[PDB]
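Undergrad: have a look at this fold, sequence not included:
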RNA sequence: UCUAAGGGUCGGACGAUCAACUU
RNA sequence: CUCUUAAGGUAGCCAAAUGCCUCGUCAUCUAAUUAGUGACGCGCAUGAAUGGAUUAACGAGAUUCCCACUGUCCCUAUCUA
RNA sequence: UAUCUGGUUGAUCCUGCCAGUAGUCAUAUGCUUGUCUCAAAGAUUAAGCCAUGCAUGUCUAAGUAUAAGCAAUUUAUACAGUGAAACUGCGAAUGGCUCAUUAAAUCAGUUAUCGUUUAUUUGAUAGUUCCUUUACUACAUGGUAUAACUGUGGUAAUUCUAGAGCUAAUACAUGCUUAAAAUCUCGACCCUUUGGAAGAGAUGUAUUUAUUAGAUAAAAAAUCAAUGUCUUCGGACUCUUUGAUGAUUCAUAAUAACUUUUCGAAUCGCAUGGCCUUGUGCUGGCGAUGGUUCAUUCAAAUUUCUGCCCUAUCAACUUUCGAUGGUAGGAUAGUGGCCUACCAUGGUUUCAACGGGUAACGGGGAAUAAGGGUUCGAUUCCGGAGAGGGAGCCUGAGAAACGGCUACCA
RNA sequence: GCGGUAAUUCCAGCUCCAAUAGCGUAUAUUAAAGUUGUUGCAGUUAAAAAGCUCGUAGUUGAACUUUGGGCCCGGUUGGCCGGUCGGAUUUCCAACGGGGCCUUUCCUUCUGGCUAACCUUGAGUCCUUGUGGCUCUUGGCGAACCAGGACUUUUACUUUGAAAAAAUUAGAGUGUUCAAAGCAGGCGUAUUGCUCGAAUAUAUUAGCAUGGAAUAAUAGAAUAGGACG
RNA sequence: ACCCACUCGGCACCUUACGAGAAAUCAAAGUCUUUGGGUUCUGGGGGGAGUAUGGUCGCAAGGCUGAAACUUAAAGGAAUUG
RNA sequence: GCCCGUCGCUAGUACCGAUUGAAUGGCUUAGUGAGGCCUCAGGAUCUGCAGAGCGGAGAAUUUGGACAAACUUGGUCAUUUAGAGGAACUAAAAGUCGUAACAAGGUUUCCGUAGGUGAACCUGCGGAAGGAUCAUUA
């Protein structure tokens, strides 16, 4: 969808335990915390130079990516900070010795360090259930057409 | 099921203990201890079924009540005690000394040793970790923990405990060309070198192995146990040297050896 | 809940029960070898069909296939140690040409009366 | 009794699952503690493993951190102003995490006037060597210095007193403070 | 006894101001 | 098979407001039913724009049953102008 | 071990079926029946009901002995053997039975817990506990309150129990001990410096909170805030600490606070020795049980991905009351709409959802045998669920227990 | 389909037949059944091509882009001798694949860590008139693989492997007396111990790691916003 | 325009049949047990029955979808002689 | 020869069918609401630090919330199930009516559609050949 204006919500969304002592003067306005998630996944600039919060982003957040890493195409970009990915695949029947087309949809969380849409073939990784369906978080994203 | 389990069924025990299907519903269900039960060995298994010294667990219990046994030089009286790899077992009423290790067929082996070499052992470092008060510590595969280690030690290496004082001494790192025992899978019991490590960040890095016969095979890393330098094990090895003959070589050796 | 006791049966019936030639030959061997009923014949044929199954299984494979080599040699030396087979037919093809009368000659019932001591299979 | 399970819940496809097993204690839930403000009333609780939880109910004397000064005091808890989840919590002056309040100022006052030797928005040559050394770090934000005149200071919670039994938090500073200040003049 | 939501007017993402009834 | 009509009542519908016999027969609703309904039909004397059959909806139209309600009643009493 | 045959016709060739055949670890039944070995067995219908009886209790040298028990036999006037009963501790949550439920529910295989608790085992681990710090505070050791027992008794009746009177603990509840060290605050004063300083106090662990470190990807300069060592008093600063993971706010340490303050041994059996300043002085072994935290084990819960039979005369479902998601909180051991406020309108589907049916627990596996398949799998192993049905619940590490309790129904 | 008076089928008797301590019956199921058909049915007339056409999903979907040549490497079978006291290796021989080079032919690249190998050579010698031969650091090899940055278009398929509970299945060895079975057991001095064992395979579909790069798809650079530098 | 010749695509025809088929017959009904170019639909003994019920569409007739119990050893196809 | 439908007797299968037909089980609204859990309270009874106060141990009872058994009524689906009367089918050996079809079956046959008729069926419109014509360039 978009990115908010950070403190749009009733509560001061911030990075916990990240203190920026106003007695100390500085050219930076906020101590930003971020990280690499590893597996060679490249942390984007936007995490580090941005002001968005998204605790559930693997960058600048408190989830920890580990487990499986999937890829898939994007089909729904509606909800706030979460999407749905379609995983197409095949299923082998020995009786006829053939395949057929099956698929499964994967609701995931997405960071507002990415900015995505339909298409946009995805890298996504397992992240310790988030809300009731969402077990996966975006890690990297591809372009579609150009 | 409302709690843990106090009873095991035969036909579920590890295949390498070599129990008959008959003679019971139930097997010892090894106690909690250093070693995980499927990777371990009970004392009753060691004595009754392998060394034949006793005939019933009744007698075996009587033996332990006599305190004839120690483990790592420590008297231990439990029937179901989970012994396992690199332990020490010694008996003084017969002055026999053993060391627990698998066959090339992955079965815990009758490997007798001297009174010395029941004076030391090995321990694979499963991890190092910074215990509180700033104090570091190390752990093993046999559940032991150690304070104040050699800083150069890191994970997956091995170490020479003394036995009884703890007291780590000279050790060996994980690095190429070293000598290794296998602790899992089809390759369990085998021996060979390190020839290459295959890294895979995310899980289950692999190690290629070459035996003395240039037979080559790969395993997971958690089933590794470095044991010394090539042509220089730090201990006394069992028969066969974890070298994995074929079935043809097996029967050939059997028929040729047997006779005269 | 103990270990189940393995078991099996040692024979198999025919598909076609009323066949003149089959009945006649079975009875011929019965009279020849001093037998009790068809179960024994069927049992020999059952073992034989097992063996020929194994034979086809091995011989499907390449020669030099270690499985076929090991198992064929072991099977062969078994069959010869029991003596059903001659000393020089020691190949996976001749075993297929093998038949039940070869098994039957190595019956104790036979070898006794063969080596005197009975004067009749029935006496034996 | 209560459950936290997701089997009572419908499915992703709006579907309705069956009663697969009866309720189990390892999925239990417990009813809350609408912690009010009063005498120290705390009921201890057996949790799983025999580990203990501590349900506060009526509190004063909260332990609050001052970040810039890096200290931590114990404060006569005053009252409640704002809560994002429900305004009822302010209406009842009921305490949770994220449960903004006012508190006494005098301990922080006397700490400041003790350490820096100064006053709050109005000899012993060793003590003088201390005060002069602490000088020029003895400045603060004007806005936070304001409430000192009033004697009642704004703070937030970091605890779950329905779990810990403790009511602990920290005085506001920075731009979070400015946010909730905009909220103060907006709501009150 | 309270809470929220629902307008106008004037000044440049807002600021000021006035009045309403309705859920 | 006959007499006989201009034609000989077809489609359809019923003891229906049209049927003597009649409280018609059968079933149902009832403890009990000349009631009502549904079926039957040689229908005294049904029947096709003298309109036949059905028909949602509407009816200060006629009728039966049910639920609730109640001095209609068992069974009367009391109070006010 | 790849096999067929009889029936339509007056006869012939096909299609197509009926019947015949063989097997069935798949049941019943009939007839018959000598032996050897081995051995399934109230699943099918009634997760229908049940008489009687049985199925979980437990002690070592080593927790509690005045049995007004026993034996007698021997150092013991505190006991010292054995040992009922009782207290205490542990277990009784395993095991065994059954398959009714359940249709991506379970279950199989494959992950993950940097998102969780963990009795027990094993290995590690605790010098700090009090007090304005000379007229102190049991440390050779501090306190009651109970059974068991005695006797008084009730009830038609149960493993019901009421009063009174004794008495222990590794029960219950209290409460001391201990080295120096440096580090921090506080400070009398003195003497002005470039400032030095007695002496007052704090500094185990746990809990909760805030903050900081937790480096490191390559090599050199200037400044300032402070504040450390060396001064060859102009000054330099040279050796200069850094853990692991693919990855963290991890490990851990530190500062300032917090706590109806967690722990830091008032316990038990064997032995019995050495040291004098001869007190019954001081030292002193073996092991048994406890205990904080960590690790390990035992597990446990959640959890990734793929996989379920029939049904379209089931095509839209989902959101009252979470239906999908977000933010915050609460609860959980813990993530999570798990629940609550508030907000958004999303979420699934002809690749078959939803609904229905299942005479459905899943699986490993069984039967049939050219092959590919089909059919089956209550059942000797794993996993799950249940204990007449529903719900709730105490204890404990662990149960929504049922050979445990409460309520409702039959 | 037998029976309506001389029943080859009924009732028995006689005789005879298959199996045999087992045999039959009923029901369910499997093969038979190529009568459910992926392998592997049929569709003019025997059942069955929609009245016809369009059409989304689905299924499928033309060809084409390094081929050829040359060099070396060293194997495992099969021969030709067999040296040898039935198994043995070198040459002679092919066959069969396998690996690495050159032919205009990434080897993902750095930043260093590491160098082993020499273009080295700084001194000459053991020793055949000397490049036969090796210790020996000072200019001068990357790959021999550590580890951080950057990507590599990605899938599908396939090979191999690991990881994969046991029991059951196949299956190895063994006189339970054979056999089902079991995992034993067998050898001396059987008065004073010796020892082998208790295999192996199958274990899929999903997931993981590797090799392969045909086949079938996908991407690129065309408003060059292209590339390398 | 008519004639010859040639080629595309049409309606069909004639002869043989290699081949196919149960046979009639067929240049497709062939290129099929030596069983695979792609793809949709339909059928599984006969009857009951295209009936019942449900749904839907239709003004209505009627259409589309589409059973069951029950019953039965034949029914049927091509072709030969009578 | 074969064969068709109505009618008729008998048996049976299922269908419609007034009867607000009956019955079992779920799921449920609404209502009622047990039970313990936590919670505001309470304070029989014991007690710390002449009596003082504060301060504990504390049962019965009690406020409130959640869980929620169970119950009432209605709805509701899923499965059985009664019913006058009606209307089909099937079957029977030795019934009534006729003779529609197979031959040019004696009106060639059949399909769809509409009407009518005791019955098979007749007729109308439009098709097919599965016909009783592979055929009239002469």
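TA: That came through, no problem. Residues are numbered from 1 along each chain as shown, chains lettered A, B, ... in the order given.
Undergrad: what does chain B put close to RNA strand H?
TA: B:11-13, B:15-16, B:18, B:20-22, B:50, B:105, B:107, B:176, B:184-187, B:196-200, B:202-204, B:206, B:217-220, B:223, B:239, B:247, B:250-251, B:254, B:258 (Cβ under 7 Å from any atom of the strand). All C-beta spots, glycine's among them, are computed from the backbone N, C-alpha and C.
Undergrad: whoops, chain C was the one
TA: So far as Cβ under 7 Å from any atom of the strand goes, chain C lies against RNA strand H at C:3-8, C:10, C:17-18, C:23, C:26-27, C:36-39, C:42, C:50, C:54, C:57, C:64, C:67, C:71, C:74-75, C:77-78.
Undergrad: tell me which element the residue of the stretch 1-150 of chain B at minimum distance from RNA strand J falls in.
TA: Residue nearest to RNA strand J within the stretch 1-150 of chain B (Cβ to the nearest atom of the strand): residue B:2, separated by 20.0 Å. Assigned by DSSP states H and E, residue B:2 falls within no helix or strand.
Undergrad: quick one: neighbours of it, just the number.
TA: 5 (other Cβ atoms under 10 Å in any protein chain shown).
Undergrad: ok, the one 4 residues further on next?
TA: Other residues near residue B:6 come to 6 when the count uses other Cβ under 10 Å.
Undergrad: list the residues that contact it.
TA: When contacts are counted by Cβ atoms under 8 Å, 6 or more residues apart in numbering or on different chains, residue B:6 touches residue B:29.
Undergrad: and the residue of chain D that's closest to RNA strand J?
TA: residue D:43 (3.5 Å).
Undergrad: quick revisit: now, the residues of chain C next to RNA strand H that are in helices?
TA: C:23, C:26-27, C:38-39, C:42, C:50, C:54, C:57, C:67, C:71, C:74-75, C:77-78 (DSSP state H).
Undergrad: re the thing from before, ok, of the residues of chain C next to RNA strand H, which come out buried?
TA: When these are checked for burial by 16 or more other Cβ atoms under 10 Å in any protein chain shown, the buried set is C:26, C:38, C:42, C:54, C:71, C:75.
Undergrad: distance of the fourth one from residue C:68?
TA: Taking Cβ to Cβ, to the nearest Å as the criterion, residue C:54 is separated from residue C:68 by 10 Å.
Undergrad: list the pairing partners of the top strand by length along chain A within its sheet, with orientation.
TA: If you go by DSSP state E, chain A has its longest strand at strand A:119-131. Strand A:119-131 has its sheet partners listed here by DSSP bridges as strand A:69-76 (antiparallel), strand A:134-141 (antiparallel).
Undergrad: picking that back up, among the residues of chain B next to RNA strand H, which lie within strands?
TA: Short answer: those in strands (DSSP E) are B:196-198, B:206, B:217-220.
Undergrad: can I get those residues in CSV with neighbour count and distance to residue A:67?
TA: Shown next, in CSV, are these (neighbours: other Cβ atoms under 10 Å in any protein chain shown; distance: Cβ to Cβ, whole Å):
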residue, neighbour count, distance to residue A:67
B:196, 12, 27
B:197, 14, 24
B:198, 10, 21
B:206, 15, 20
B:217, 16, 29
B:218, 12, 24
B:219, 21, 23
B:220, 16, 18
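Undergrad: which SSE is the closest residue to residue D:165 other than its chain neighbours in?
TA: In space, and not counting its chain neighbours, residue D:165 is closest to residue D:54: 3.0 Å by Cβ to Cβ, 6 or more residues apart in numbering or on different chains. If you go by DSSP H and E, residue D:54 is part of strand D:52-58.
Undergrad: who are the contact partners of the closest residue to residue B:73 other than its chain neighbours?
TA: Distances taken as Cβ to Cβ, 6+ apart put residue B:164 closest to residue B:73, at 4.7 Å, once the chain neighbours are dropped. The contact partners of residue B:164, taken as Cβ under 8 Å, 6+ apart, are B:72-74.
Undergrad: wait, what's in contact with residue B:228?
TA: B:172, B:178-179, B:234-235 are the contacts of residue B:228 under Cβ under 8 Å, 6+ apart.
Undergrad: over to residue C:51?
TA: Neighbours of residue C:51 in contact, by Cβ under 8 Å, 6+ apart: C:75, C:95, C:98.
Undergrad: OK, contacts around the residue nearest to residue D:165?
TA: D:42-45, D:163-166.
Undergrad: give me the subset of these lying in helices.
TA: Among those, the members falling in helices (DSSP H) are D:163-164.
Undergrad: residue D:9: which of the contacts of residue D:54 is nearest?
TA: Set against residue D:9, the nearest of those by Cβ to Cβ is residue D:163 (24.3 Å).
Undergrad: ok, now which ones touch the closest residue to residue A:67 other than its chain neighbours?
TA: Distance criterion Cβ to Cβ, 6+ apart; nearest residue to residue A:67, sequence neighbours excluded, is residue A:126 at 3.2 Å. Residues in contact with residue A:126 (Cβ under 8 Å, 6+ apart) are A:65-69, A:135-136.
Undergrad: ok, so of these, who is nearest residue B:131?
TA: residue A:66 (24.4 Å).
Undergrad: hang on, that closest one is in a helix, isn't it?
TA: No - applying DSSP: H, G, I helix; E, B strand; the rest coil, one finds residue A:66 to be coil, outside a helix.
Undergrad: returning to what we had before: which member of the buried ones among the residues of chain C next to RNA strand H is positioned nearest chain A?
TA: residue C:54 (25.5 Å; Cβ to the nearest Cβ).
Undergrad: wait, the closest one touches residue C:75, no?
TA: Yes - if you go by Cβ atoms under 8 Å, residue C:54 and residue C:75 touch, sitting 6.9 Å apart.
Undergrad: how far away is the closest residue to residue C:26 other than its chain neighbours from chain D?
TA: Leaving aside its chain neighbours, residue C:26 sits nearest to residue C:41 (5.3 Å; criterion: Cβ to Cβ, 6+ apart). Distance, residue C:41 to chain D, by Cβ to the nearest Cβ, to the nearest Å: 57 Å.
Undergrad: please report the distance of residue C:41 from residue C:83.
TA: Counting by Cβ to Cβ - residue C:41 and residue C:83 are separated by 20 Å.
Undergrad: for chain D, just list every one of the strands.
TA: Under DSSP E, chain D gives strands at D:41-46, D:52-58, D:62-66, D:71-75, D:77-80, D:101-104, D:152-157, D:168-171.
Undergrad: deepest-packed of those strands, please.
TA: Among these, judged by mean count of other Cβ atoms under 10 Å in any protein chain shown, the one packed with the most neighbours on average is strand D:101-104 (a mean of 22).
Undergrad: can you name the residues in contact with that strand?
TA: Residues contacting strand D:101-104 (Cβ under 8 Å, 6+ apart): D:62, D:64, D:75-81, D:95, D:151-157, D:169, D:171.
Undergrad: chain D next: which of the ones in strands among the residues of chain B next to RNA strand H are close?
TA: With Cβ under 8 Å from any Cβ of the partner chain as the criterion, these include none near chain D.
Undergrad: distance to RNA strand G added to those, as CSV?
TA: Below are these laid out as CSV (distance: Cβ to the nearest atom of the strand, whole Å):
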residue, distance to RNA strand G
B:196, 17
B:197, 12
B:198, 13
B:206, 13
B:217, 19
B:218, 15
B:219, 13
B:220, 9
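Undergrad: what does the stretch 151-260 of chain B put close to chain A?
TA: With Cβ under 8 Å from any Cβ as the criterion, the stretch 151-260 of chain B meets chain A at residues B:201-202.
Undergrad: for the stretch 151-260 of chain B, which residue gets nearest to RNA strand G?
TA: residue B:201 (3.4 Å).
Undergrad: list the buried residues in stretch D:19-34.
TA: Of the residues in stretch D:19-34, those buried (16+ other Cβ under 10 Å) are residue D:33.
Undergrad: show the buried residues in the contacts of residue A:126.
TA: A:65, A:69, A:135-136.
Undergrad: make a markdown table from these and add distance to RNA strand G to it.
TA: Below are these laid out as a markdown table (distance: Cβ to the nearest atom of the strand, whole Å):
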| residue | distance to RNA strand G |
| --- | --- |
| A:65 | 5 |
| A:69 | 9 |
| A:135 | 4 |
| A:136 | 7 |
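Undergrad: if anything else comes up later, I'll come back, but that's it for now.
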